[PDB]
$ cat my_file-v9.pdb   # PDB, C-alpha atoms and all ligand atoms
ATOM      1  CA  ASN A 972     -11.562   6.144  -1.684  1.00  0.00           C
ATOM      2  CA  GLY A 973      -8.844   6.726  -4.253  1.00  0.00           C
ATOM      3  CA  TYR A 974      -6.130   4.159  -4.836  1.00  0.00           C
ATOM      4  CA  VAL A 975      -2.478   4.746  -5.661  1.00  0.00           C
ATOM      5  CA  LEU A 976       0.595   2.581  -6.154  1.00  0.00           C
ATOM      6  CA  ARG A 977       2.749   1.156  -3.403  1.00  0.00           C
ATOM      7  CA  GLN A 978       5.976   2.556  -4.843  1.00  0.00           C
ATOM      8  CA  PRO A 979       6.638   5.296  -7.385  1.00  0.00           C
ATOM      9  CA  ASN A 980       8.618   3.351  -9.968  1.00  0.00           C
ATOM     10  CA  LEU A 981       5.453   1.925 -11.535  1.00  0.00           C
ATOM     11  CA  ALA A 982       2.927   3.558 -13.821  1.00  0.00           C
ATOM     12  CA  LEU A 983      -0.487   2.581 -15.122  1.00  0.00           C
ATOM     13  CA  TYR A 984      -1.510   2.998 -18.742  1.00  0.00           C
ATOM     14  CA  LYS A 985      -4.367   2.043 -21.027  1.00  0.00           C
ATOM     15  CA  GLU A 986      -2.711  -0.382 -23.422  1.00  0.00           C
ATOM     16  CA  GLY A 987      -6.001  -1.400 -25.015  1.00  0.00           C
ATOM     17  CA  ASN A 988      -9.406  -2.093 -23.609  1.00  0.00           C
ATOM     18  CA  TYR A 989      -7.635  -3.464 -20.528  1.00  0.00           C
ATOM     19  CA  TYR A 990      -5.194  -1.519 -18.358  1.00  0.00           C
ATOM     20  CA  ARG A 991      -1.556  -2.518 -17.930  1.00  0.00           C
ATOM     21  CA  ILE A 992       0.915  -1.220 -15.343  1.00  0.00           C
ATOM     22  CA  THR A 993       4.553  -1.069 -16.420  1.00  0.00           C
ATOM     23  CA  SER A 994       7.897  -0.235 -14.904  1.00  0.00           C
ATOM     24  CA  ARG A 995       9.139   3.303 -15.237  1.00  0.00           C
ATOM     25  CA  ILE A 996      12.585   2.240 -16.491  1.00  0.00           C
ATOM     26  CA  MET A 997      11.753  -0.636 -18.845  1.00  0.00           C
ATOM     27  CA  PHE A 998       8.826  -1.493 -21.066  1.00  0.00           C
ATOM     28  CA  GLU A 999       8.293  -4.869 -19.433  1.00  0.00           C
ATOM     29  CA  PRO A1000       4.572  -5.096 -18.621  1.00  0.00           C
ATOM     30  CA  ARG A1001       3.064  -6.668 -15.504  1.00  0.00           C
ATOM     31  CA  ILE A1002      -0.457  -7.935 -14.820  1.00  0.00           C
ATOM     32  CA  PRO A1003      -2.744  -5.806 -12.617  1.00  0.00           C
ATOM     33  CA  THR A1004      -3.728  -7.080  -9.190  1.00  0.00           C
ATOM     34  CA  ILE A1005      -5.318  -5.680  -6.069  1.00  0.00           C
ATOM     35  CA  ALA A1006      -2.259  -6.199  -3.885  1.00  0.00           C
ATOM     36  CA  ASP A1007      -0.386  -3.506  -5.809  1.00  0.00           C
ATOM     37  CA  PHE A1008      -2.630  -0.654  -4.636  1.00  0.00           C
ATOM     38  CA  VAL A1009      -3.130   1.427  -1.501  1.00  0.00           C
ATOM     39  CA  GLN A1010      -6.073   3.405  -0.149  1.00  0.00           C
ATOM     40  CA  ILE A1011      -6.487   7.133   0.563  1.00  0.00           C
ATOM     41  CA  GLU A1012      -9.876   8.600   1.456  1.00  0.00           C
ATOM     42  CA  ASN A1013      -9.846  11.929  -0.381  1.00  0.00           C
ATOM     43  CA  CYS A1014     -10.559  11.381  -4.083  1.00  0.00           C
ATOM     44  CA  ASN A1015      -8.724  13.557  -6.592  1.00  0.00           C
ATOM     45  CA  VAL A1016     -10.807  13.958  -9.751  1.00  0.00           C
ATOM     46  CA  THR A1017      -7.633  14.062 -11.874  1.00  0.00           C
ATOM     47  CA  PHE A1018      -7.223  10.247 -11.724  1.00  0.00           C
ATOM     48  CA  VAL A1019      -8.934   7.379 -13.484  1.00  0.00           C
TER      49      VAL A1019
ATOM     50  CA  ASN B 972       0.197 -16.370  14.164  1.00  0.00           C
ATOM     51  CA  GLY B 973       1.617 -12.901  14.700  1.00  0.00           C
ATOM     52  CA  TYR B 974       1.726 -10.383  11.883  1.00  0.00           C
ATOM     53  CA  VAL B 975       4.391  -7.789  11.154  1.00  0.00           C
ATOM     54  CA  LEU B 976       5.036  -5.221   8.440  1.00  0.00           C
ATOM     55  CA  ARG B 977       6.583  -5.921   5.071  1.00  0.00           C
ATOM     56  CA  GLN B 978       9.250  -3.238   5.443  1.00  0.00           C
ATOM     57  CA  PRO B 979      10.579  -1.390   8.480  1.00  0.00           C
ATOM     58  CA  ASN B 980       9.890   2.190   7.441  1.00  0.00           C
ATOM     59  CA  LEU B 981       6.244   1.957   8.513  1.00  0.00           C
ATOM     60  CA  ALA B 982       4.719   2.033  11.969  1.00  0.00           C
ATOM     61  CA  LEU B 983       1.268   1.353  13.356  1.00  0.00           C
ATOM     62  CA  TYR B 984      -0.405   3.592  15.907  1.00  0.00           C
ATOM     63  CA  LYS B 985      -3.783   4.010  17.558  1.00  0.00           C
ATOM     64  CA  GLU B 986      -4.935   7.356  16.203  1.00  0.00           C
ATOM     65  CA  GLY B 987      -8.424   6.991  17.650  1.00  0.00           C
ATOM     66  CA  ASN B 988     -10.784   4.089  17.904  1.00  0.00           C
ATOM     67  CA  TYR B 989      -9.362   2.899  14.578  1.00  0.00           C
ATOM     68  CA  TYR B 990      -5.698   2.136  13.909  1.00  0.00           C
ATOM     69  CA  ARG B 991      -3.617   4.044  11.371  1.00  0.00           C
ATOM     70  CA  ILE B 992      -0.197   3.097   9.997  1.00  0.00           C
ATOM     71  CA  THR B 993       2.101   5.976   9.072  1.00  0.00           C
ATOM     72  CA  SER B 994       5.485   6.472   7.500  1.00  0.00           C
ATOM     73  CA  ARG B 995       8.462   6.713   9.793  1.00  0.00           C
ATOM     74  CA  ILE B 996       9.804   9.875   8.124  1.00  0.00           C
ATOM     75  CA  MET B 997       6.630  11.880   7.485  1.00  0.00           C
ATOM     76  CA  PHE B 998       3.288  12.188   9.208  1.00  0.00           C
ATOM     77  CA  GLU B 999       1.347  11.271   6.088  1.00  0.00           C
ATOM     78  CA  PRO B1000      -1.143   8.572   7.124  1.00  0.00           C
ATOM     79  CA  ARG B1001      -2.145   5.550   5.045  1.00  0.00           C
ATOM     80  CA  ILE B1002      -5.188   3.278   5.275  1.00  0.00           C
ATOM     81  CA  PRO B1003      -4.731  -0.208   6.776  1.00  0.00           C
ATOM     82  CA  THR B1004      -5.070  -3.245   4.541  1.00  0.00           C
ATOM     83  CA  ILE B1005      -4.269  -6.927   4.736  1.00  0.00           C
ATOM     84  CA  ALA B1006      -1.706  -6.849   1.939  1.00  0.00           C
ATOM     85  CA  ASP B1007       0.652  -4.804   4.109  1.00  0.00           C
ATOM     86  CA  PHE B1008       1.250  -7.590   6.645  1.00  0.00           C
ATOM     87  CA  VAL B1009       3.249 -10.807   6.873  1.00  0.00           C
ATOM     88  CA  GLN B1010       2.867 -13.951   8.966  1.00  0.00           C
ATOM     89  CA  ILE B1011       5.145 -15.518  11.598  1.00  0.00           C
ATOM     90  CA  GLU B1012       3.975 -18.439  13.725  1.00  0.00           C
ATOM     91  CA  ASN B1013       5.462 -17.630  17.131  1.00  0.00           C
ATOM     92  CA  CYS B1014       3.377 -14.954  18.864  1.00  0.00           C
ATOM     93  CA  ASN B1015       5.189 -12.358  20.952  1.00  0.00           C
ATOM     94  CA  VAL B1016       2.915 -11.081  23.723  1.00  0.00           C
ATOM     95  CA  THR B1017       4.504  -7.616  23.479  1.00  0.00           C
ATOM     96  CA  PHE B1018       2.456  -6.726  20.356  1.00  0.00           C
ATOM     97  CA  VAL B1019      -1.133  -5.691  19.810  1.00  0.00           C
TER      98      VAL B1019
HETATM   99  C1  LIG C   1      -5.510  16.795  -8.260  1.00  0.00           C
HETATM  100  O1  LIG C   1      -6.471  17.203  -9.234  1.00  0.00           O
HETATM  101  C2  LIG C   1      -6.374  18.597  -9.539  1.00  0.00           C
HETATM  102  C3  LIG C   1      -7.570  18.946 -10.390  1.00  0.00           C
HETATM  103  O2  LIG C   1      -7.615  20.342 -10.657  1.00  0.00           O
HETATM  104  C4  LIG C   1      -5.049  18.858 -10.234  1.00  0.00           C
HETATM  105  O3  LIG C   1      -4.947  20.244 -10.534  1.00  0.00           O
HETATM  106  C5  LIG C   1      -3.898  18.432  -9.333  1.00  0.00           C
HETATM  107  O4  LIG C   1      -2.671  18.515 -10.044  1.00  0.00           O
HETATM  108  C6  LIG C   1      -4.093  17.003  -8.810  1.00  0.00           C
HETATM  109  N1  LIG C   1      -3.098  16.690  -7.798  1.00  0.00           N
HETATM  110  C7  LIG C   1      -2.414  15.543  -7.785  1.00  0.00           C
HETATM  111  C8  LIG C   1      -2.724  14.578  -8.888  1.00  0.00           C
HETATM  112  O5  LIG C   1      -1.579  15.297  -6.920  1.00  0.00           O
HETATM  113  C1  LIG C   2       8.895  -9.835  22.650  1.00  0.00           C
HETATM  114  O1  LIG C   2       8.146  -9.682  23.857  1.00  0.00           O
HETATM  115  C2  LIG C   2       8.986  -9.670  25.015  1.00  0.00           C
HETATM  116  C3  LIG C   2       8.078  -9.734  26.218  1.00  0.00           C
HETATM  117  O2  LIG C   2       8.830  -9.834  27.420  1.00  0.00           O
HETATM  118  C4  LIG C   2       9.849  -8.421  24.985  1.00  0.00           C
HETATM  119  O3  LIG C   2      10.690  -8.409  26.134  1.00  0.00           O
HETATM  120  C5  LIG C   2      10.695  -8.407  23.719  1.00  0.00           C
HETATM  121  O4  LIG C   2      11.375  -7.162  23.606  1.00  0.00           O
HETATM  122  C6  LIG C   2       9.840  -8.639  22.468  1.00  0.00           C
HETATM  123  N1  LIG C   2      10.682  -8.823  21.299  1.00  0.00           N
HETATM  124  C7  LIG C   2      10.451  -8.213  20.134  1.00  0.00           C
HETATM  125  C8  LIG C   2       9.259  -7.306  20.091  1.00  0.00           C
HETATM  126  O5  LIG C   2      11.173  -8.382  19.159  1.00  0.00           O
END
$ encode --input "my_file-v9.pdb" --output "structure tokens" --more "lines below"
Ligand SMILES: *[C@@H]1O[C@H](CO)[C@@H](O)[C@H](O)[C@H]1NC(C)=O
Ligand SMILES: *[C@@H]1O[C@H](CO)[C@@H](O)[C@H](O)[C@H]1NC(C)=O
Amino acid sequence: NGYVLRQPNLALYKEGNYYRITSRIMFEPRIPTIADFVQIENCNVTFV
Amino acid sequence: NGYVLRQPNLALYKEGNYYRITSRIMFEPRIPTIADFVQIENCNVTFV
């Protein structure tokens, strides 16, 4: 299983050791959580 | 409690033994999860 985001306007990034997901239009950062993801069986290697 | 979807553009269906929820505008299928539902007390019999 590979996970993706529920809507496009967000984007992950590696801020430091931890990972932070920000908006695409502003630099405001938001905490990661499990509710923000969605499941798809086929894994693409190109992801984290 | 009866559950419904967080936004209208989705739709459940019984693909096989398991249930799959797809987009209303494309046939792309997405995995079921609990985060995609919402609770309402009154149960309508007309649902699954
Ligand atoms: C999936 O990974 C392949 C690896 O070669 C990459 O070329 C492709 O762009 C990726 N597709 C995506 C991320 O949708
Ligand atoms: C609720 O179920 C009743 C069962 O008679 C049905 O007639 C009605 O259309 C349903 N309402 C919904 C699904 O909003």
$ atom_distance --input "my_file-v9.pdb" --atom1 "atom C2 of ligand LIG 1 (chain C)" --atom2 "CA of residue 1016 (chain A)"
6.4 Å
$ residues_around --input "my_file-v9.pdb" --residues "region 996-1003 of chain B" --least-positions-apart "5" --cutoff "9 Å" --atoms "only C-alpha atoms" --output "PDB file with C-alpha atoms, keeping the file's coordinate frame"
ATOM      1  CA  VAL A1009      -3.130   1.427  -1.501  1.00  0.00           C
ATOM      2  CA  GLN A1010      -6.073   3.405  -0.149  1.00  0.00           C
ATOM      3  CA  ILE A1011      -6.487   7.133   0.563  1.00  0.00           C
ATOM      4  CA  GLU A1012      -9.876   8.600   1.456  1.00  0.00           C
TER       5      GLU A1012
ATOM      6  CA  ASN B 980       9.890   2.190   7.441  1.00  0.00           C
ATOM      7  CA  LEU B 981       6.244   1.957   8.513  1.00  0.00           C
ATOM      8  CA  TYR B 990      -5.698   2.136  13.909  1.00  0.00           C
ATOM      9  CA  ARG B 991      -3.617   4.044  11.371  1.00  0.00           C
TER      10      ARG B 991
END
$ residues_near_ligand --input "my_file-v9.pdb" --ligand "ligand LIG 2 (chain C)" --cutoff "7 Å" --atoms "all atoms listed in the file" --output "list in words"
residues 1015, 1016, 1017 and 1018 of chain B
$ write_last_selection --input "my_file-v9.pdb" --atoms "C-alpha atoms" --output "mmCIF file, in the coordinates of the input"
data_model
loop_
_atom_site.group_PDB
_atom_site.id
_atom_site.type_symbol
_atom_site.label_atom_id
_atom_site.label_comp_id
_atom_site.auth_asym_id
_atom_site.auth_seq_id
_atom_site.Cartn_x
_atom_site.Cartn_y
_atom_site.Cartn_z
ATOM 1 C CA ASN B 1015 5.189 -12.358 20.952
ATOM 2 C CA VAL B 1016 2.915 -11.081 23.723
ATOM 3 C CA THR B 1017 4.504 -7.616 23.479
ATOM 4 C CA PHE B 1018 2.456 -6.726 20.356
#
$ resolve_selection --input "my_file-v9.pdb" --expression "the PyMOL selection byres ((chain A) within 12 of (chain B))" --output "list in words"
residues 972, 973, 974, 975, 976, 977, 1004, 1005, 1006, 1007, 1008, 1009, 1010, 1011, 1012 and 1013 of chain A
$ write_last_selection --input "my_file-v9.pdb" --atoms "C-alpha atoms" --output "mmCIF file, in the coordinates of the input"
data_model
loop_
_atom_site.group_PDB
_atom_site.id
_atom_site.type_symbol
_atom_site.label_atom_id
_atom_site.label_comp_id
_atom_site.auth_asym_id
_atom_site.auth_seq_id
_atom_site.Cartn_x
_atom_site.Cartn_y
_atom_site.Cartn_z
ATOM 1 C CA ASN A 972 -11.562 6.144 -1.684
ATOM 2 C CA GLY A 973 -8.844 6.726 -4.253
ATOM 3 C CA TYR A 974 -6.130 4.159 -4.836
ATOM 4 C CA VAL A 975 -2.478 4.746 -5.661
ATOM 5 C CA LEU A 976 0.595 2.581 -6.154
ATOM 6 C CA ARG A 977 2.749 1.156 -3.403
ATOM 7 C CA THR A 1004 -3.728 -7.080 -9.190
ATOM 8 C CA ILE A 1005 -5.318 -5.680 -6.069
ATOM 9 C CA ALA A 1006 -2.259 -6.199 -3.885
ATOM 10 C CA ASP A 1007 -0.386 -3.506 -5.809
ATOM 11 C CA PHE A 1008 -2.630 -0.654 -4.636
ATOM 12 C CA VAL A 1009 -3.130 1.427 -1.501
ATOM 13 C CA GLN A 1010 -6.073 3.405 -0.149
ATOM 14 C CA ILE A 1011 -6.487 7.133 0.563
ATOM 15 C CA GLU A 1012 -9.876 8.600 1.456
ATOM 16 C CA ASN A 1013 -9.846 11.929 -0.381
#
$ calpha_fit_and_write --input "my_file-v9.pdb" --fixed "chain B" --moving "chain A" --output "compact mmCIF listing (two decimals) with C-alpha atoms, in the frame of the given file"
# COMPACT_ATOMS: atom_id res chain seq x y z
CA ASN A 972 0.20 -16.37 14.16
CA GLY A 973 1.62 -12.90 14.70
CA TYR A 974 1.73 -10.38 11.88
CA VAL A 975 4.39 -7.79 11.15
CA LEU A 976 5.04 -5.22 8.44
CA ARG A 977 6.58 -5.92 5.07
CA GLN A 978 9.25 -3.24 5.44
CA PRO A 979 10.58 -1.39 8.48
CA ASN A 980 9.89 2.19 7.44
CA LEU A 981 6.24 1.96 8.51
CA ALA A 982 4.72 2.03 11.97
CA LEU A 983 1.27 1.35 13.36
CA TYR A 984 -0.41 3.59 15.91
CA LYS A 985 -3.78 4.01 17.56
CA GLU A 986 -4.93 7.36 16.20
CA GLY A 987 -8.42 6.99 17.65
CA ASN A 988 -10.78 4.09 17.90
CA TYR A 989 -9.36 2.90 14.58
CA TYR A 990 -5.70 2.14 13.91
CA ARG A 991 -3.62 4.04 11.37
CA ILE A 992 -0.20 3.10 10.00
CA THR A 993 2.10 5.98 9.07
CA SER A 994 5.49 6.47 7.50
CA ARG A 995 8.46 6.71 9.79
CA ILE A 996 9.80 9.88 8.12
CA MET A 997 6.63 11.88 7.49
CA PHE A 998 3.29 12.19 9.21
CA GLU A 999 1.35 11.27 6.09
CA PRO A 1000 -1.14 8.57 7.12
CA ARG A 1001 -2.14 5.55 5.05
CA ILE A 1002 -5.19 3.28 5.28
CA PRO A 1003 -4.73 -0.21 6.77
CA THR A 1004 -5.07 -3.25 4.54
CA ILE A 1005 -4.27 -6.93 4.74
CA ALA A 1006 -1.71 -6.85 1.94
CA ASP A 1007 0.65 -4.80 4.11
CA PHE A 1008 1.25 -7.59 6.65
CA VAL A 1009 3.25 -10.81 6.87
CA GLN A 1010 2.87 -13.95 8.97
CA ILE A 1011 5.15 -15.52 11.60
CA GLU A 1012 3.97 -18.44 13.73
CA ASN A 1013 5.46 -17.63 17.13
CA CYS A 1014 3.38 -14.95 18.86
CA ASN A 1015 5.19 -12.36 20.95
CA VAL A 1016 2.91 -11.08 23.72
CA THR A 1017 4.50 -7.62 23.48
CA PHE A 1018 2.46 -6.73 20.36
CA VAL A 1019 -1.13 -5.69 19.81
$ atom_distance --input "my_file-v9.pdb" --atom1 "atom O1 of ligand LIG 1 (chain C)" --atom2 "CA of residue 987 (chain A)"
24.4 Å
$ closest_residue --input "my_file-v9.pdb" --among "A:988, A:979, A:993, A:1014" --to "ligand LIG 1 (chain C)" --atoms "only C-alpha atoms and all ligand atoms"
A:1014
$ axis_aligned_box --input "my_file-v9.pdb" --around "ligand LIG 1 (chain C)" --padding-each-side "6 Å" --output "lines of an AutoDock Vina configuration file"
center_x = -4.6
center_y = 17.5
center_z = -8.8
size_x = 18.0
size_y = 17.8
size_z = 15.7
$ atom_distance --input "my_file-v9.pdb" --atom1 "atom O3 of ligand LIG 1 (chain C)" --atom2 "CA of residue 984 (chain A)"
19.4 Å
$ residues_around --input "my_file-v9.pdb" --residues "residue 982 (chain B)" --least-positions-apart "6" --cutoff "8 Å" --atoms "all atoms listed in the file" --output "PyMOL selection string"
chain B and resi 992-995
$ write_last_selection --input "my_file-v9.pdb" --atoms "C-alpha atoms" --output "short mmCIF file (atom, residue, chain, number, x, y, z; two decimals), in the coordinates of the input"
data_model
loop_
_atom_site.label_atom_id
_atom_site.label_comp_id
_atom_site.auth_asym_id
_atom_site.auth_seq_id
_atom_site.Cartn_x
_atom_site.Cartn_y
_atom_site.Cartn_z
CA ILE B 992 -0.20 3.10 10.00
CA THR B 993 2.10 5.98 9.07
CA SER B 994 5.48 6.47 7.50
CA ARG B 995 8.46 6.71 9.79
#
$ build_atoms --input "my_file-v9.pdb" --residues "region 986-1014 of chain A" --atoms "N, CA and C atoms" --output "short mmCIF file (atom, residue, chain, number, x, y, z; two decimals), in the frame of the given file"
data_model
loop_
_atom_site.label_atom_id
_atom_site.label_comp_id
_atom_site.auth_asym_id
_atom_site.auth_seq_id
_atom_site.Cartn_x
_atom_site.Cartn_y
_atom_site.Cartn_z
N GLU A 986 -3.29 0.25 -22.24
CA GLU A 986 -2.71 -0.38 -23.42
C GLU A 986 -3.77 -0.62 -24.49
N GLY A 987 -4.90 -1.15 -24.10
CA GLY A 987 -6.00 -1.40 -25.02
C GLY A 987 -7.27 -1.21 -24.27
N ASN A 988 -8.21 -2.13 -24.44
CA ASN A 988 -9.41 -2.09 -23.61
C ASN A 988 -9.01 -2.27 -22.15
N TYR A 989 -8.14 -3.23 -21.87
CA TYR A 989 -7.64 -3.46 -20.53
C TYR A 989 -6.51 -2.50 -20.18
N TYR A 990 -6.23 -2.39 -18.89
CA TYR A 990 -5.19 -1.52 -18.36
C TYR A 990 -3.98 -2.34 -17.95
N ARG A 991 -2.80 -1.85 -18.29
CA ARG A 991 -1.56 -2.52 -17.93
C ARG A 991 -0.67 -1.54 -17.18
N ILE A 992 0.01 -2.03 -16.15
CA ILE A 992 0.92 -1.22 -15.34
C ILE A 992 2.34 -1.67 -15.62
N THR A 993 3.18 -0.75 -16.07
CA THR A 993 4.55 -1.07 -16.42
C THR A 993 5.54 -0.40 -15.48
N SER A 994 6.78 -0.89 -15.56
CA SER A 994 7.90 -0.24 -14.90
C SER A 994 8.17 1.12 -15.53
N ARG A 995 8.78 1.99 -14.73
CA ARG A 995 9.14 3.30 -15.24
C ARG A 995 10.44 3.29 -16.02
N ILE A 996 11.26 2.26 -15.87
CA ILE A 996 12.58 2.24 -16.49
C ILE A 996 12.70 1.23 -17.61
N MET A 997 11.74 0.33 -17.76
CA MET A 997 11.75 -0.64 -18.84
C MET A 997 10.32 -0.83 -19.30
N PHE A 998 10.16 -1.31 -20.53
CA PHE A 998 8.83 -1.49 -21.07
C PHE A 998 8.21 -2.83 -20.68
N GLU A 999 8.88 -3.61 -19.85
CA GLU A 999 8.29 -4.87 -19.43
C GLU A 999 6.93 -4.62 -18.79
N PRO A 1000 5.89 -5.32 -19.21
CA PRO A 1000 4.57 -5.10 -18.62
C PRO A 1000 4.22 -6.13 -17.57
N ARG A 1001 3.49 -5.74 -16.54
CA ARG A 1001 3.06 -6.67 -15.50
C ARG A 1001 1.55 -6.62 -15.34
N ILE A 1002 0.98 -7.77 -14.99
CA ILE A 1002 -0.46 -7.94 -14.82
C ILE A 1002 -0.95 -7.04 -13.69
N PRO A 1003 -2.16 -6.49 -13.77
CA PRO A 1003 -2.74 -5.81 -12.62
C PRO A 1003 -3.25 -6.78 -11.57
N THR A 1004 -3.22 -6.32 -10.32
CA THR A 1004 -3.73 -7.08 -9.19
C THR A 1004 -4.11 -6.09 -8.10
N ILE A 1005 -4.86 -6.58 -7.12
CA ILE A 1005 -5.32 -5.68 -6.07
C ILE A 1005 -4.22 -5.41 -5.06
N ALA A 1006 -3.29 -6.35 -4.90
CA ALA A 1006 -2.26 -6.20 -3.88
C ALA A 1006 -1.31 -5.05 -4.19
N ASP A 1007 -1.30 -4.56 -5.41
CA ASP A 1007 -0.39 -3.51 -5.81
C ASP A 1007 -0.91 -2.11 -5.53
N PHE A 1008 -2.05 -1.97 -4.88
CA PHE A 1008 -2.63 -0.65 -4.64
C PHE A 1008 -2.65 -0.31 -3.15
N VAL A 1009 -3.02 0.93 -2.87
CA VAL A 1009 -3.13 1.43 -1.50
C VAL A 1009 -4.21 2.50 -1.47
N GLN A 1010 -4.86 2.61 -0.32
CA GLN A 1010 -6.07 3.40 -0.15
C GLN A 1010 -5.80 4.76 0.50
N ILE A 1011 -6.48 5.79 -0.02
CA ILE A 1011 -6.49 7.13 0.56
C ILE A 1011 -7.89 7.71 0.39
N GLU A 1012 -8.46 8.23 1.47
CA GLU A 1012 -9.88 8.60 1.46
C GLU A 1012 -10.18 9.65 0.39
N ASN A 1013 -9.52 10.80 0.48
CA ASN A 1013 -9.85 11.93 -0.38
C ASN A 1013 -9.60 11.60 -1.85
N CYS A 1014 -10.65 11.67 -2.66
CA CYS A 1014 -10.56 11.38 -4.08
C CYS A 1014 -10.14 12.63 -4.86
#
